[PDB]
Every structure is written in structure tokens, then in C-alpha cells.
């Protein structure tokens, strides 16, 4: 039983979000939804999410899951807004509590900020099975880009997050806190051991769908024949040349909260905190 998958490209952040629909029912999940954010003005907008809401409404779907593949450093999540409009259960990999506990310190939030994942309604363990309607699904731990990345298998497909790019772009950076180029190399090996026909759906592109086959032989960074020590050297060498993602500091502190904005002050206004000279 194969999922009905609709991709949604966001040109500002190069993010693909997905609606993952059970063909035998109206149940669906939403993967990596984007809350649009203008960092110069601090304006959040709902254009990308409204595309998702309209699709769900057109096809009269019931949102069962709001899935995050990892903690996004390049965009803010629109999960909370979609959850208000469409319902559904907010979910992420269990190792999100490592990112919460680390960045609670880096953002200086105190214990008014819980670091155990309560903001998310489900934390997936490695290998955990679950369903989207009748669809059969499993969550695999695939860390390396971040400590907490998950790949979601759903029928014949896999939502790999930032664990791979399209074969001609290669792989993503691993210099996020807790990221590990060698952990990512072995996460990719796990992905390559899947059936070569598995539909692979990327989180970013700089062109959303490939296969395990295409990747295994044609990925410019981790084709077959690229050993662990070679890849690591190149990954860390490219990472050193990379400036920090523009939205990283706003994105983490929203996304580590499940996509809740920071609390309102007596002002009536909510504020992000931008650590100075910490990175």
C-alpha cells in the first residue's frame, strides 16, 4: 500500500514540505511545514502553510500527524498554526531532548522552558512503527546533520530530511551542535541498505524525489566506493567554509519549542533572543 505524496516547494528557504495521504482513507500526515519568516522585520507569515491548508480542504483530508524530520535550522516550523486549523498530533524524533537541553542553555531560558519534549505529543524511538490511516510506517534514527534527525518510512517511500541531498548536490552540512559527519556517513549507509526502488524525498534542494538506487551509485558526495574517512574529511572541509544559516538562531528557538513562538511579554509582543558572540 503506497502513500499518495504531494510536495510543496518554498523558494525562500528551498524547503520541501509534504502531504502524505493514505489512499484507502482520508487520513494524512504533514511533513516539515514552513512558517514564513522575514528576519529583518521579524514578520511571520502564513502563505506556505495556507497552501497546505487548502490542499487538505480540497481533498477533504483528516490530519493525523504533523511530522518533523529534524530540528530545522533554515526555517521556522508552521506546525502549531496548522495544528490549530487542522488538528493532528505533533511528532518528532526522541532525541529532540538533546537539542532542547543544549539550546535551553545557549538561549538562557531557565526551567520555564521544559527540555523533555512535552511540546511535542509523540517522540519517536529508533525503529518505532506507526500508521497514517492504513499506511504502514516506521521511524529510523538517522543522525549526523543534527543529533535528532529521523527518516520516516511510509509504504514504499522514505522522508529522509536533510540526511541526503539530490545525487548531484550530495550531502548537507554537519556542523550544527551535536552534528557529526561520521554519524551522517553511517546514517546514509543505513539508507543505502534499503531497497533500491524506495522513493526518497528530500527536505531541501538548490527536484524533490529520487531513489535509493540513484543515490547509491550517483551521489557526488557518498556514491558507493566513497569510504567513511574520505567522506568525513570532505564534509568537515566544506563545513568550515560555510557561513551559518541565516535563520538558524530564530529557527532553533522556535522549533525546539515545537513551533511555539516565545512567550508574550507584558508589552503584548513576543521576542526572539539572539545570543551575541556565542558562535
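Positions refer to the first chain, counted from 1.
According to the entry, the stretch of the deposited sequence that connects residue 206 to residue 207 contains 4 to 9 residues lacking coordinates, which leaves a gap of moderate length in the model. When 159-167 is weighed against 106-114, 106-114 comes out higher, by mean CA B-factor as recorded in the entry. The deposited model assigns a higher average Cα B-factor to 181-189 than to the other stretch when 181-189 and 71-79 are compared.
Taking only the listed residues 220, 35, 247, 30, the entry reports the highest CA temperature factor at 220. Of all the options 53, 252, 41, 234, the entry's greatest CA B-factor is assigned to 234. Sort the chain's modelled residues by C-alpha temperature factor and residue 267 lands in the highest third, per the entry. When the CA B factors of the chain's modelled residues are split into thirds, the value for residue 151 lands in the middle one.
Among the modelled residues of its chain, residue 61 has a C-alpha B-factor that falls in the middle third, as given in the PDB entry. Among the modelled residues of its chain, residue 274 has a C-alpha B-factor that falls in the lowest third, as given in the PDB entry. Ranked within its chain, residue 47 lands in the middle third, by CA B factor from the PDB record.
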